[PDB]
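Heads up: the structure comes next, in structure tokens.
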Amino acid sequence: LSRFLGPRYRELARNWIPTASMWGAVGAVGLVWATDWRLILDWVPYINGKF
Amino acid sequence: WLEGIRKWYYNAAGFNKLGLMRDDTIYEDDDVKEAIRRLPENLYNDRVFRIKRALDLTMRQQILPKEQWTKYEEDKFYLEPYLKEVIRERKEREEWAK
Amino acid sequence: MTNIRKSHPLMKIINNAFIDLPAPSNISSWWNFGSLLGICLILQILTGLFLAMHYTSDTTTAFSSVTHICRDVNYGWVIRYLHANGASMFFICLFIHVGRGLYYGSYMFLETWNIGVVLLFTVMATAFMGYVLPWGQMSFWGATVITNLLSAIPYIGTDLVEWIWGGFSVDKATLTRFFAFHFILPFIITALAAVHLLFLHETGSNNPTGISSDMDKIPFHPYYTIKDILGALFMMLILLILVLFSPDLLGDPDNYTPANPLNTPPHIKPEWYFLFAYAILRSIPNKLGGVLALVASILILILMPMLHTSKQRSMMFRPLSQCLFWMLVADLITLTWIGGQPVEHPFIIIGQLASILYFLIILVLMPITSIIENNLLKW
Amino acid sequence: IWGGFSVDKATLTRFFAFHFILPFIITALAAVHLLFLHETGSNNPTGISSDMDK
Amino acid sequence: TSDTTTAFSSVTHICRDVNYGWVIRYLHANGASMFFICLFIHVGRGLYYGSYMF
Amino acid sequence: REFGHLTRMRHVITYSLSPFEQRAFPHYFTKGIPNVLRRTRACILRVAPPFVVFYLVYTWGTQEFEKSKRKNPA
Amino acid sequence: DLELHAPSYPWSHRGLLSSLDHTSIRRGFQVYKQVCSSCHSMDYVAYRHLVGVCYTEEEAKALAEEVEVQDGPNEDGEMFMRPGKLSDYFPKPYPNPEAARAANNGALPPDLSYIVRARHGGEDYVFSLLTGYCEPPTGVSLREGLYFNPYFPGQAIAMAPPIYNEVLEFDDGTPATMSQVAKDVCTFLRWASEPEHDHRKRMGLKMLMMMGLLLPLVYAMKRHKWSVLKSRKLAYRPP
Amino acid sequence: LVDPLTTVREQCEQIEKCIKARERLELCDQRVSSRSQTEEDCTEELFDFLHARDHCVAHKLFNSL
Amino acid sequence: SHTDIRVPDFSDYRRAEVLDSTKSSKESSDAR
Amino acid sequence: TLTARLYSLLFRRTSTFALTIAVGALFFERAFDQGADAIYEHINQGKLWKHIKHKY
Ligand code: HEC
Ligand code: HEM
Ligand code: HEM
Ligand code: HEM
């Protein structure tokens, strides 16, 4: 809504992008590991031995 | 004129048939709830009794007699100033928030 | 010293939820359905359990088990057709409940609304899986089509459908796991119904006028207990009329043929309460588009509290909104009929227009109309 | 209970249905049990009220 | 399944053919014993420390 | 939410009569029928038209269908 | 393409509370036994079911004993014929569906336990199918061995004319005209698909009378309890 | 042995609906037979005729049985 | 002002027997 | 009026009310079963097995 945007909320976004992006990376790696996603995991040195 | 369609819609809405004023049908959100809290005692009591009469009528599926209908020209907007002030204050708080 | 009704822990909950609950004194008959659904749920939990005591989920003996239920068990037919037509009545009451929510602006109770959407999804899932157990022609082929629907999901789709099937095609494993999921799910529905009631009771209820009835509440027990008993009696009248006079009125006759996977039935329509959804799927040419529209048809109920723009919670004081609501109901009926009919020249275009109109009314027509509503009322 | 004259085809399916339904009744009763226990609080090994050291 | 012509055969099917099905089967069979061990110890605890006052 | 903190009301008097002193069906037909007629008149111009349109669409679709299944002379 | 819709015949068991003509059921069973049972089956129906609906107990015993059914292994592990009893379902004309398909051209004669409840139309469809055979109209050439029946979807059935005139001899003495045979067999097949038909209608009658007695009374109770609120008169007395 | 169904049929084809049904049918037979290598068939003209005649017969017949 | 509080007439809804200044509420209580 | 006597006799006590309900259950069940069965056999006279068993 119009309550969002504005000056203040943009700095909040700036301070929370690092943590949110790293949480997204956490989720991506968790999905890859749990589902044993071949596509991503055929290029990581050690665990290529699974297949 | 446009008032013709406005009056037609006022009659078609049917809340006047229950002896209700326009602002009596307002959905009670947060700003509106604060608005009713802000109301003076006499207006609040009148509004409460009017709503009780409307609920009583709808329970029996009956409407007020023809003559006791809130005429479109006599629908005082008692809540409108208080609700406008509450919304303006909320807008001020939101603007200070950004 | 003290009343047990309001001092005993369990009795305190029962009192505050069914006895002394302040309910609006002007709620119309449309509010009875919340009771009936629950009662229907109980009935579905009940008769189905008695169906579980003579039904053996297996490909070579599921249909023979059902026909033995209806032909050799004492009064087996009563329980079986009670269950089928009670599921149909359950969906009738569910649709009427959602219609009441849409009309009288009950979606401002967001927690209860979303829990209701979850319950709706769970009930459609439960009924779909339940229709598979008889292992008839329509059972087998409808299950095949609806599960193949998930193949449209990108990347993981084929793996998903082969996981659901438990193999390569609808077969023994699918039947058994469908029976197990069919047993488990209604208890999840019951827990979600308890959560639904818990969320509702904190905000009271919505009377038809849409105004706060805090000045008019009446005790639940003396009045709405007998009101809901009368409503349940009416629903039992309808259900027993269906069971004892035209049992298979709302059913495909071809389901009384053992599932032969080598013969596609001329018609593969799902149950009557799914066609409104199914027609939507047949509207979009794209497969993934079809599945997405299928899911979104149900999911659009979540967006309603965000799409409400009129300053009046209810609809009884908004005539042009009533016209659009009844247009939407007529559109739903048209979608059901279209899903029933084959996908040919006079029906493809009608289904496309019906689906477009349904989405457009929910998303576009109603909010703009409510804006015009507020403008007309000088607020 | 046998659904006939001896434990047979009927009793097996009947027991299957009952074994399926019952644990959910057990869960409901367990919830009621936790409710009742919470209305008073747990009992410590010493057997004495421990409202001070909670 | 729940028919007497396919009960034992279906159990053996779960044990031998279903992928990791034997883990679930024996987990159930011995989790029943674990459940009852915990149940008996729970009743003994309630008896010993006078929790039956609740 | 229980009775006691529902709202604040003043100067409202309610008269009620015992259910054993009244008749459960007072003017059931004499007063009920005009009321039902008025209620039907109020809404019939807002609920009927869409269903009439649906019936027209139903009939048109059915006639178009089995007209399509008929021969085309050639 | 196109499809004949079977006209709604005025069956005796058509009214809301009209049971089945059990004499017609008795005759239809004989019609099935002597004509239809050569290539169809109702495996879900056993001779026991006939007791008390179309045949007496001793008659059902006699009917069952007229046929020979496979039994279990002997003390030597072989298969042996034995006369049937009131626990053996109606014998399957063909041991396996492949034999049935091979013998009757290449079509499987459907099992008729549910052939009325599985066909769109019910007794009307089957009656019209049996009494609807006709010479194909010009421009349609059926391959030898197929027979033109308009009501059958595709208008080309693999079915020899099942019932001609005076096929069998009804024990009652009723003339065995084709229409009578078809009516009786259709009623019998309706009983086969819905054995609870008579009791269903009976329970429906009791249900109707109970609701007609209860719904007014429960409505009266509702009015009784709510009449406090319906007659409630309010008043506003502000200072 | 005469079949009541046949008698009801013969007495029943005289309805004016079945009349024009038979005229359309016969027109179809001449049209199809005259055309040597055609594909059109008289199936649905026969279908209309049978629909009318069979609704008629369904009204009668069972009374005679 | 409390003396001006007069119950509105309920003769429209009142039940047959109890419709007069005669007592009609003790002897007819059992009937209703 | 008789209804007053009914109320004073069988209806005032809740437990006597329940006893009246219970005995009414017996007699109403029997009477209603007789009536409904008779009505059905009258409607479909000559078609039920009960009406045709005599000739076998
Ligand atoms: C000697 C063989 C034979 C006799 C006699 C026979 N049938 Fe059939 N019937 C068949 C075959 C073969 C089919 C398969 C036709 C097809 O599927 O195209 C068939 C098909 C049917 C169908 C299927 C209709 C449909 O479209 O679902 C019904 C119903 C039927 N028969 C009933 C009967 C009745 C009733 C009788 C006698 C009273 C009878 N039959 C006598 C061999 C027979
Ligand atoms: C959420 C409520 C339920 C719904 C909507 C539902 C729906 C259905 C439907 C539509 C059928 C198909 C009936 C038929 O085609 O003849 C069915 C079958 C079945 N249901 Fe349910 N059911 C419900 C609850 C239950 C429960 C709780 C059980 C287990 C206790 C159960 C057990 C069965 C069984 C065993 C069958 C197969 C027998 C049959 O087909 O009738 N159902 N269900
Ligand atoms: C499992 C099926 C369901 C059951 C058992 C159930 C149960 C109930 C009950 C008993 C009530 C109170 C009675 C009433 O107000 O009508 C209620 C209210 C409500 N339910 Fe449901 N419900 C179900 C499904 C749904 C669905 C699908 C929705 C919509 C998404 C929904 C949304 C609501 C809303 C909004 C209310 C408040 C109505 C009001 O007070 O105005 N429920 N529910
Ligand atoms: C279904 C199995 C059961 C579950 C899930 C269950 C659950 C629980 C839980 C979680 C507690 C709190 C933890 C504890 O104090 O041990 C508890 C307490 C208790 N349970 Fe159970 N219980 C079960 C069976 C039983 C049985 C069989 C009895 C004895 C008849 C019993 C009597 C008690 C008592 C007396 C307490 C309070 C203990 C204390 O205050 O010291 N429970 N129950």
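For the structure tokens, the naming scheme is as follows: chains receive sequential letters (A, B, ...) according to their order of presentation, residues are indexed from 1 within each chain, and ligands are indexed from 1 in presentation order.
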Contacts of residue 27 of chain I at 12 Å or less, counting only C-alpha atoms, minus same-chain residues fewer than 6 places along, as a compact mmCIF listing (two decimals) with N, CA, C and O atoms, in the first residue's frame?
```txt
# COMPACT_ATOMS: atom_id res chain seq x y z
N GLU I 17 -56.93 -18.83 26.05
CA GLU I 17 -57.52 -18.85 27.38
C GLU I 17 -57.16 -17.59 28.17
O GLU I 17 -58.02 -16.97 28.80
N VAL I 18 -55.89 -17.21 28.14
CA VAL I 18 -55.41 -16.08 28.95
C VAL I 18 -55.60 -14.83 28.10
O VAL I 18 -54.72 -14.38 27.37
N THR J 1 -60.67 -29.31 31.12
CA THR J 1 -59.97 -29.76 29.93
C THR J 1 -59.07 -30.95 30.22
O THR J 1 -58.43 -31.02 31.27
N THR J 3 -56.28 -31.87 28.73
CA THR J 3 -54.86 -31.57 28.68
C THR J 3 -54.33 -31.16 30.05
O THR J 3 -53.18 -31.48 30.39
N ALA J 4 -55.13 -30.46 30.84
CA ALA J 4 -54.71 -30.12 32.20
C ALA J 4 -54.50 -31.38 33.02
O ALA J 4 -53.52 -31.48 33.78
N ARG J 5 -55.40 -32.36 32.90
CA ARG J 5 -55.22 -33.61 33.63
C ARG J 5 -53.98 -34.35 33.16
O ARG J 5 -53.24 -34.90 33.98
N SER J 8 -50.98 -32.54 34.78
CA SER J 8 -50.86 -32.78 36.21
C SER J 8 -50.50 -34.23 36.51
O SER J 8 -49.92 -34.51 37.56
```
Exercise. Which protein, DNA or RNA residues have an atom within 7 Å of ligand 3, counting only C-alpha atoms and all ligand atoms, as JSON, numbers by chain?
Worked result: {"C": [30, 31, 32, 33, 34, 35, 37, 38, 41, 94, 97, 98, 101, 104, 106, 107, 109, 112, 113, 114, 115, 116, 117, 119, 120, 123, 189, 193, 196, 197, 200, 204, 205, 206, 207, 301]}
Exercise. Which neighbours of residue 15 of chain G fall inside 10 Å, counting only C-alpha atoms, when residues of the same chain fewer than 5 positions from it are skipped, and could you give them as a ChimeraX atom specification?
Worked result: /C:245 /G:10,201
Restricting it to N, CA, C and O atoms, dump the selection as a JSON list (two decimals), in the first residue's frame.
```json
[["chain", "number", "residue", "atom", "x", "y", "z"],
["C", 245, "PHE", "N", -35.31, -42.91, -2.29],
["C", 245, "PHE", "CA", -36.22, -42.83, -3.43],
["C", 245, "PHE", "C", -35.49, -42.81, -4.76],
["C", 245, "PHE", "O", -35.96, -43.43, -5.71],
["G", 10, "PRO", "N", -43.91, -47.39, -18.97],
["G", 10, "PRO", "CA", -44.63, -47.33, -17.69],
["G", 10, "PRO", "C", -44.48, -48.61, -16.89],
["G", 10, "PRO", "O", -45.37, -49.46, -16.80],
["G", 201, "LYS", "N", -38.30, -48.85, -0.85],
["G", 201, "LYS", "CA", -39.53, -48.07, -0.93],
["G", 201, "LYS", "C", -40.31, -48.13, 0.38],
["G", 201, "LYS", "O", -40.95, -47.15, 0.77]]
```
Exercise. Atom CA of residue 39 of chain F to atom CA of residue 13 of chain B: how many Å, to one decimal?
Worked result: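 Between atom CA of residue 39 of chain F and atom CA of residue 13 of chain B the gap is 14.1 Å.
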For this session: Within 12 Å of segment 26-39 of chain A, counting only C-alpha atoms, which residues show up once you throw out same-chain ones fewer than 2 positions away? Write them as a PyMOL selection string, please.
Result: (chain A and resi 19-24+41-44+47-51) or (chain C and resi 155-156)
For this session: Name the residues of chain D that come out as helix (DSSP H, G or I) in a backbone DSSP run; write them as a ChimeraX atom specification.
Result: /D:9-38
Output for the residues just chosen: N, CA, C and O atoms as a compact mmCIF listing (two decimals), in the first residue's frame:
```txt
# COMPACT_ATOMS: atom_id res chain seq x y z
N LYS D 9 -13.29 -63.90 7.88
CA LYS D 9 -13.15 -62.76 6.97
C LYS D 9 -13.76 -61.49 7.54
O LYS D 9 -13.16 -60.42 7.46
N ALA D 10 -14.96 -61.60 8.11
CA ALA D 10 -15.62 -60.41 8.64
C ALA D 10 -14.82 -59.78 9.77
O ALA D 10 -14.62 -58.55 9.79
N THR D 11 -14.32 -60.60 10.69
CA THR D 11 -13.65 -60.07 11.87
C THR D 11 -12.34 -59.39 11.50
O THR D 11 -11.95 -58.41 12.14
N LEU D 12 -11.64 -59.89 10.48
CA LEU D 12 -10.37 -59.28 10.11
C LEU D 12 -10.56 -57.84 9.66
O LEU D 12 -9.89 -56.93 10.15
N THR D 13 -11.48 -57.62 8.72
CA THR D 13 -11.73 -56.26 8.25
C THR D 13 -12.31 -55.40 9.35
O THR D 13 -11.99 -54.20 9.46
N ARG D 14 -13.18 -55.97 10.18
CA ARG D 14 -13.75 -55.21 11.29
C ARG D 14 -12.66 -54.72 12.23
O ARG D 14 -12.64 -53.55 12.63
N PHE D 15 -11.72 -55.60 12.57
CA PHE D 15 -10.62 -55.22 13.44
C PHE D 15 -9.70 -54.23 12.75
O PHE D 15 -9.11 -53.38 13.41
N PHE D 16 -9.55 -54.33 11.43
CA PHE D 16 -8.76 -53.33 10.72
C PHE D 16 -9.37 -51.95 10.89
O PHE D 16 -8.68 -50.98 11.23
N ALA D 17 -10.68 -51.83 10.66
CA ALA D 17 -11.32 -50.54 10.79
C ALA D 17 -11.21 -50.02 12.22
O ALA D 17 -10.93 -48.83 12.44
N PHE D 18 -11.41 -50.89 13.20
CA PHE D 18 -11.36 -50.45 14.59
C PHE D 18 -9.95 -50.05 14.99
O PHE D 18 -9.76 -49.05 15.70
N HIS D 19 -8.94 -50.81 14.56
CA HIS D 19 -7.55 -50.46 14.83
C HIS D 19 -7.15 -49.17 14.16
O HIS D 19 -6.27 -48.48 14.66
N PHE D 20 -7.75 -48.85 13.02
CA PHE D 20 -7.49 -47.56 12.41
C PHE D 20 -8.12 -46.42 13.21
O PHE D 20 -7.46 -45.43 13.50
N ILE D 21 -9.40 -46.56 13.58
CA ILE D 21 -10.10 -45.43 14.20
C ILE D 21 -9.59 -45.17 15.61
O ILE D 21 -9.41 -44.02 16.01
N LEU D 22 -9.33 -46.23 16.38
CA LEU D 22 -9.11 -46.06 17.82
C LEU D 22 -7.97 -45.11 18.18
O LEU D 22 -8.16 -44.29 19.10
N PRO D 23 -6.80 -45.14 17.54
CA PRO D 23 -5.71 -44.26 18.00
C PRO D 23 -6.06 -42.79 17.95
O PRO D 23 -5.51 -42.01 18.73
N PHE D 24 -6.96 -42.37 17.06
CA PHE D 24 -7.37 -40.98 17.08
C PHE D 24 -8.23 -40.67 18.29
O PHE D 24 -8.13 -39.58 18.87
N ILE D 25 -9.06 -41.62 18.71
CA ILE D 25 -9.76 -41.47 19.98
C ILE D 25 -8.75 -41.39 21.12
O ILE D 25 -8.93 -40.62 22.07
N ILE D 26 -7.68 -42.18 21.04
CA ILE D 26 -6.64 -42.11 22.06
C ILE D 26 -6.00 -40.73 22.07
O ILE D 26 -5.68 -40.19 23.14
N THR D 27 -5.77 -40.16 20.90
CA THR D 27 -5.19 -38.82 20.83
C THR D 27 -6.11 -37.78 21.45
O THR D 27 -5.66 -36.90 22.19
N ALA D 28 -7.41 -37.87 21.16
CA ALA D 28 -8.35 -36.94 21.77
C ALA D 28 -8.35 -37.07 23.28
O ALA D 28 -8.32 -36.07 24.01
N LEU D 29 -8.36 -38.31 23.78
CA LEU D 29 -8.34 -38.52 25.22
C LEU D 29 -7.03 -38.02 25.82
O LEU D 29 -7.02 -37.53 26.95
N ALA D 30 -5.92 -38.15 25.10
CA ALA D 30 -4.66 -37.63 25.60
C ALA D 30 -4.69 -36.12 25.70
O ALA D 30 -4.14 -35.54 26.65
N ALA D 31 -5.31 -35.46 24.73
CA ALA D 31 -5.47 -34.01 24.83
C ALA D 31 -6.31 -33.63 26.04
O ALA D 31 -5.95 -32.71 26.79
N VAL D 32 -7.41 -34.34 26.27
CA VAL D 32 -8.22 -34.08 27.45
C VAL D 32 -7.41 -34.33 28.72
O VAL D 32 -7.54 -33.61 29.71
N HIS D 33 -6.57 -35.36 28.69
CA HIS D 33 -5.73 -35.68 29.84
C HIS D 33 -4.77 -34.56 30.16
O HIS D 33 -4.61 -34.17 31.32
N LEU D 34 -4.11 -34.03 29.13
CA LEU D 34 -3.20 -32.91 29.35
C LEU D 34 -3.96 -31.69 29.87
O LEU D 34 -3.44 -30.98 30.73
N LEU D 35 -5.16 -31.45 29.36
CA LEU D 35 -5.99 -30.37 29.90
C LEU D 35 -6.20 -30.54 31.39
O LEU D 35 -5.90 -29.64 32.19
N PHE D 36 -6.68 -31.72 31.80
CA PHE D 36 -6.98 -31.95 33.20
C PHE D 36 -5.74 -31.80 34.07
O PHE D 36 -5.80 -31.23 35.16
N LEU D 37 -4.61 -32.32 33.59
CA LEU D 37 -3.38 -32.20 34.36
C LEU D 37 -2.95 -30.75 34.49
O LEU D 37 -2.50 -30.32 35.56
N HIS D 38 -3.10 -29.96 33.43
CA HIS D 38 -2.71 -28.56 33.48
C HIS D 38 -3.60 -27.75 34.40
O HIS D 38 -3.15 -26.73 34.92
```
With 12 Å as the cut-off and only C-alpha atoms and all ligand atoms counted, what is the closest atom pair between each nearby residue of chain C and ligand 1? Distances in Å to one decimal, ordered by chain and number, as a tab-separated table.
```
residue	atom	partner	partner_atom_place_in_ligand_line	distance
C:253	CA	ligand 1	27 (O)	11.2
C:254	CA	ligand 1	27 (O)	9.8
C:256	CA	ligand 1	27 (O)	11.6
C:257	CA	ligand 1	27 (O)	10.1
C:263	CA	ligand 1	17 (O)	11.8
C:265	CA	ligand 1	27 (O)	11.8
```
For this session: Please extract the residues at most 6 Å from ligand 2, counting only C-alpha atoms and all ligand atoms, and provide them as a list in words, using the chain letters and residue numbers of this document.
Result: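 Counting only what the definition allows, namely only C-alpha atoms and all ligand atoms, the set is residues 41, 44, 45, 48, 49, 51, 52, 55, 80, 84, 87, 123, 126, 127, 130, 131, 133, 134, 183 and 186 of chain C.
Using only C-alpha atoms, the contacts of residue 98 of chain B at a cut-off of 10 Å, with sequence neighbours closer than 5 positions omitted, comprise residues 2, 3, 4, 5, 6, 7, 8, 9 and 10 of chain A; 93 of chain B.
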Which chains and residue numbers are within 8 Å of ligand 4, counting only C-alpha atoms and all ligand atoms, if I want them as an mmCIF file with N, CA, C and O atoms, in the first residue's frame?
```
data_model
loop_
_atom_site.group_PDB
_atom_site.id
_atom_site.type_symbol
_atom_site.label_atom_id
_atom_site.label_comp_id
_atom_site.auth_asym_id
_atom_site.auth_seq_id
_atom_site.Cartn_x
_atom_site.Cartn_y
_atom_site.Cartn_z
ATOM 1 N N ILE D 26 -7.681 -42.179 21.040
ATOM 2 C CA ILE D 26 -6.636 -42.113 22.057
ATOM 3 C C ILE D 26 -5.996 -40.734 22.074
ATOM 4 O O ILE D 26 -5.684 -40.194 23.136
ATOM 5 N N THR D 27 -5.771 -40.156 20.897
ATOM 6 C CA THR D 27 -5.188 -38.819 20.831
ATOM 7 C C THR D 27 -6.111 -37.783 21.454
ATOM 8 O O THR D 27 -5.659 -36.899 22.193
ATOM 9 N N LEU D 29 -8.365 -38.310 23.776
ATOM 10 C CA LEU D 29 -8.337 -38.521 25.217
ATOM 11 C C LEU D 29 -7.034 -38.023 25.824
ATOM 12 O O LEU D 29 -7.023 -37.526 26.951
ATOM 13 N N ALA D 30 -5.924 -38.151 25.098
ATOM 14 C CA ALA D 30 -4.655 -37.635 25.598
ATOM 15 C C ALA D 30 -4.686 -36.119 25.704
ATOM 16 O O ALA D 30 -4.135 -35.541 26.647
ATOM 17 N N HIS D 33 -6.566 -35.357 28.693
ATOM 18 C CA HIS D 33 -5.731 -35.683 29.837
ATOM 19 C C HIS D 33 -4.767 -34.556 30.157
ATOM 20 O O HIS D 33 -4.608 -34.170 31.321
ATOM 21 N N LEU D 34 -4.106 -34.026 29.133
ATOM 22 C CA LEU D 34 -3.204 -32.906 29.348
ATOM 23 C C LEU D 34 -3.955 -31.693 29.868
ATOM 24 O O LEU D 34 -3.444 -30.977 30.734
ATOM 25 N N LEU D 37 -4.612 -32.322 33.595
ATOM 26 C CA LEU D 37 -3.378 -32.202 34.360
ATOM 27 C C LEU D 37 -2.952 -30.748 34.492
ATOM 28 O O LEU D 37 -2.498 -30.325 35.560
ATOM 29 N N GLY D 41 -1.441 -28.839 37.614
ATOM 30 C CA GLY D 41 0.004 -28.852 37.600
ATOM 31 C C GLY D 41 0.569 -30.197 38.020
ATOM 32 O O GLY D 41 -0.067 -30.985 38.717
ATOM 33 N N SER D 42 1.795 -30.455 37.580
ATOM 34 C CA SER D 42 2.413 -31.746 37.828
ATOM 35 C C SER D 42 2.778 -31.904 39.300
ATOM 36 O O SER D 42 2.813 -30.942 40.071
ATOM 37 N N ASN D 43 3.042 -33.146 39.685
ATOM 38 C CA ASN D 43 3.447 -33.492 41.039
ATOM 39 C C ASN D 43 4.921 -33.865 41.037
ATOM 40 O O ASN D 43 5.358 -34.662 40.205
ATOM 41 N N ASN D 44 5.682 -33.284 41.954
ATOM 42 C CA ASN D 44 7.105 -33.562 42.044
ATOM 43 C C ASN D 44 7.353 -34.871 42.789
ATOM 44 O O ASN D 44 6.455 -35.396 43.447
ATOM 45 N N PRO D 45 8.560 -35.433 42.678
ATOM 46 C CA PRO D 45 8.848 -36.679 43.406
ATOM 47 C C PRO D 45 8.614 -36.590 44.901
ATOM 48 O O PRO D 45 8.166 -37.570 45.509
ATOM 49 N N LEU E 39 4.049 -47.086 28.850
ATOM 50 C CA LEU E 39 2.765 -47.038 29.541
ATOM 51 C C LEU E 39 2.862 -47.646 30.932
ATOM 52 O O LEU E 39 2.360 -47.080 31.910
ATOM 53 N N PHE E 40 3.490 -48.815 31.037
ATOM 54 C CA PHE E 40 3.618 -49.462 32.334
ATOM 55 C C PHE E 40 4.489 -48.643 33.271
ATOM 56 O O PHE E 40 4.176 -48.513 34.458
ATOM 57 N N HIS E 42 4.823 -45.434 33.149
ATOM 58 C CA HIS E 42 4.018 -44.272 33.502
ATOM 59 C C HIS E 42 3.028 -44.594 34.609
ATOM 60 O O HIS E 42 2.861 -43.815 35.554
ATOM 61 N N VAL E 43 2.347 -45.732 34.502
ATOM 62 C CA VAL E 43 1.412 -46.121 35.549
ATOM 63 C C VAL E 43 2.152 -46.349 36.857
ATOM 64 O O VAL E 43 1.687 -45.951 37.930
ATOM 65 N N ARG E 45 4.927 -44.901 37.813
ATOM 66 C CA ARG E 45 5.278 -43.590 38.344
ATOM 67 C C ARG E 45 4.086 -42.940 39.022
ATOM 68 O O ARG E 45 4.207 -42.417 40.135
ATOM 69 N N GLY E 46 2.930 -42.954 38.364
ATOM 70 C CA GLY E 46 1.748 -42.359 38.964
ATOM 71 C C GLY E 46 1.376 -43.029 40.270
ATOM 72 O O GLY E 46 0.910 -42.376 41.205
ATOM 73 N N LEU E 47 1.580 -44.341 40.349
ATOM 74 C CA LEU E 47 1.276 -45.070 41.573
ATOM 75 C C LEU E 47 2.262 -44.723 42.680
ATOM 76 O O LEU E 47 1.868 -44.484 43.826
ATOM 77 N N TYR E 49 4.512 -42.111 43.209
ATOM 78 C CA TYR E 49 4.574 -40.754 43.723
ATOM 79 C C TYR E 49 3.207 -40.180 44.037
ATOM 80 O O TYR E 49 3.072 -38.957 44.150
ATOM 81 N N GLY E 50 2.195 -41.027 44.176
ATOM 82 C CA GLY E 50 0.887 -40.547 44.579
ATOM 83 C C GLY E 50 0.298 -39.532 43.628
ATOM 84 O O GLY E 50 -0.390 -38.601 44.064
ATOM 85 N N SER E 51 0.560 -39.680 42.335
ATOM 86 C CA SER E 51 -0.048 -38.792 41.359
ATOM 87 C C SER E 51 -1.518 -39.094 41.137
ATOM 88 O O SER E 51 -2.201 -38.304 40.479
ATOM 89 N N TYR E 52 -2.023 -40.203 41.672
ATOM 90 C CA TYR E 52 -3.428 -40.530 41.487
ATOM 91 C C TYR E 52 -4.344 -39.607 42.269
ATOM 92 O O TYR E 52 -5.563 -39.700 42.112
ATOM 93 N N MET E 53 -3.794 -38.731 43.113
ATOM 94 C CA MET E 53 -4.625 -37.725 43.764
ATOM 95 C C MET E 53 -5.279 -36.804 42.745
ATOM 96 O O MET E 53 -6.320 -36.204 43.028
ATOM 97 N N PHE E 54 -4.682 -36.671 41.560
ATOM 98 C CA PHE E 54 -5.321 -35.972 40.447
ATOM 99 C C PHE E 54 -6.368 -36.916 39.865
ATOM 100 O O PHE E 54 -6.113 -37.696 38.946
#
```
For this session: List the neighbours of residue 23 of chain H out to 10 Å using only C-alpha atoms; skip same-chain residues closer than 6 positions along the sequence, and give me the result as a ChimeraX atom specification.
Result: /H:29,45,49
Generate the output file for the selected residues, C-alpha atoms, as a PDB file, in the first residue's frame.
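For reference, again_28.pdb as written:
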```pdb
ATOM      1  CA  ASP H  29     -33.503 -44.340 -49.196  1.00  0.00           C
ATOM      2  CA  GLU H  45     -33.802 -40.518 -40.361  1.00  0.00           C
ATOM      3  CA  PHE H  49     -38.779 -42.343 -36.944  1.00  0.00           C
TER       4      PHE H  49
END
```
Near residue 41 of chain G, within 6 Å and counting only C-alpha atoms, which residues show up once chain neighbours fewer than 3 positions away are dropped, as a tab-separated table (two decimals) with C-alpha atoms, in the first residue's frame?
```
chain	number	residue	atom	x	y	z
G	92	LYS	CA	-20.43	-68.82	-15.21
G	111	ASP	CA	-22.22	-59.68	-16.47
G	112	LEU	CA	-25.82	-58.75	-15.72
```
Exercise. Given a cut-off of 6 Å, which residues of chain I touch chain F, counting only C-alpha atoms, written out as JSON, numbers by chain?
Worked result: {"I": [13, 14, 15]}
Exercise. Can you tell me how far atom CA of residue 19 of chain H sits from atom CA of residue 61 of chain F, in Å to one decimal?
Worked result: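 The value is 29.2 Å.
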For this session: Give as a PyMOL selection string every residue of chain C that touches chain F within 6 Å, counting only C-alpha atoms.
Result: chain C and resi 214-215+323+326-327+330+346
Could you take the residues named above and write them with C-alpha atoms, as an mmCIF file, in the first residue's frame?
```
data_model
loop_
_atom_site.group_PDB
_atom_site.id
_atom_site.type_symbol
_atom_site.label_atom_id
_atom_site.label_comp_id
_atom_site.auth_asym_id
_atom_site.auth_seq_id
_atom_site.Cartn_x
_atom_site.Cartn_y
_atom_site.Cartn_z
ATOM 1 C CA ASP C 214 -23.003 -6.758 20.463
ATOM 2 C CA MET C 215 -26.165 -4.980 21.651
ATOM 3 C CA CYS C 323 -26.845 -8.657 -8.936
ATOM 4 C CA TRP C 326 -26.227 -13.909 -8.378
ATOM 5 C CA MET C 327 -24.463 -13.586 -11.725
ATOM 6 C CA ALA C 330 -25.372 -18.559 -12.248
ATOM 7 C CA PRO C 346 -21.167 -25.340 -28.617
#
```
